[PDB]
Structure formats: C-alpha cells, structure tokens
C-alpha cells in the first residue's frame, strides 16, 4: 500500500508495473484501464441541472468496469451515450481536462462522425490525450452516441480500485448504461442483416452477450425484455425476437474475441455461441 501519490509519470508507470504483476494482468491493459478511469473522472463532472450525469459508459468499456480486466475483452474506446449534443459535451470535457484531476490533465481532439452500419445515428469519435503532472501518459479514444429509446434515463455507478492501488486516493464513480439496455443494443447489433454488398462482422458480440448473461439477475429479465422491445422498436429494422445466426467468415473472428478468456465457460465454437445467445433470447422473451 502506497502512502502518497506517484511523484511523476516514471513512478506511476513503475507502480502500474508492480500492480500488474501482483494482479497478473498485462501492464498495457492496466495502463489503458487506468487512463479510461481517469477520463471517466473528467466525464463525470458533466451533469444536468439535477446533478445527474450527461454521459454514461457503455460497450466494451462498460464490460471491463463491471467484470474486471481478467474477465473481459480489451476495450477499444471509452464508449458513451450522451444526453446533450456533441458540441456541449466536448466543450465541458475540454474544460474538465484543463482543470485536471489528481495531477492528470487532458486535451481532447475535435470530434468526427463515424460510420457504423445499423445504428440510427452516426456516433462521434475523438481522442483524449492524457498527461500526468505534465508528462504525456496515454491517449484514450472516446466514442459518443445519441440517446435511444430512453436508454440514458437510468444508470448504475461502477467503481474501480485501480487508481487507489497506485496511491491515487480520490473516489472513482463511473456512471454506466444498465445491463438490460446494453443487452438490447448488442442483441440488435449481432442479429442485424446488412445490405448485400456490406456484411455483418460483429462476431465479438457473441462473446460480450455471454459475458452479459453471466451478470444478469433474474429480477432484471423482464426489464431486459422491455428494453429489447424498446430498442428494436426505436431502430425500426428487424423485429423482436431475432434469430441469432452466424456467417461463414465469423469463426476466426469469434476465436480472436475469445483470446485470453479460456478460464470462463464460453461456448467454444461460433455456432455454439449463437445457439447459446439464442437460448438467452428465449429466456428474455419468456419473462413476461
């Protein structure tokens, strides 16, 4: 246990290395995780007139927070749903990063519209360039999506002790989109059928959906069913409940997304994973 915060970036990295070995995770994953937590602390300063967050973490970053680095895929971005339009979010995020948090500071690049087949609204992507006490520490890709069907009306508050473990004591509170909404979105995405030149490549959703099933309590099954219906209705595309199919190019992609997750009970083949998520769909659909 450290008595005080790292005096500089060198000490922070040395401490991260120390915690990574003790925890048995890869240093670069832990460093990404810590940088994402730091970004979340800037994001958490964005609030409406009632103190409620303007930004909720979702996607792979949400799963990492809920399950831990060992039990989740590498998250590619700090992915969020936003209750305000991107220009306000960016302006307040940039101000938060300039003011800093526990010695960390951030510069945010200009947002850019992203293409993502199947979503009603194109998300915006940009980058946070984080420093620790004036030394470049890491860059965190950030993704921001519009609300959908009331998916930001509720949230959970996640915590990590990763920064405490390197001696940064402030409280971590990460507002996160709820598991029922997160299931609804991923179920829609993995079952969407794209225009025939384009093809659906989201075999990794079959991993995330198995991971989410492991988190869901039965008391939230009927909430999840309603959230699935709301998402499928709002998106005005294929109907609920969907058929969880696979495509011929998915096997290698599904195997890649499993990398490092063997200690879990995940379906070993992609077609087995599709049938397991199909069973999940049926369980959700019967919780009336």
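Residue numbers count along the first chain shown, from 1.
In this entry, 153-161 shows the higher mean Cα temperature factor of the pair 199-207 and 153-161. Between the stretches 78-86 and 111-119, it is 111-119 that shows the larger average CA temperature factor. The PDB entry assigns its highest CA temperature factor, among 35, 219, 229, 55, to 219.
Between the residues 189, 176, 171, 183, it is 171 that shows the highest Cα B-factor in the PDB record. Annotation for residue 67: C-alpha temperature factor in the highest third relative to the rest of the modelled chain, per the entry. Split the chain's modelled residues into thirds by C-alpha temperature factor. Residue 137 is in the middle one. Looking at the C-alpha B-factors along this chain, the one for residue 166 belongs to the middle third. In this PDB entry, the Cα temperature factor of residue 270 sits in the middle third of its chain's modelled residues. In the deposited entry, the Cα temperature factor of residue 240 places it in the lowest third of its chain's modelled residues.
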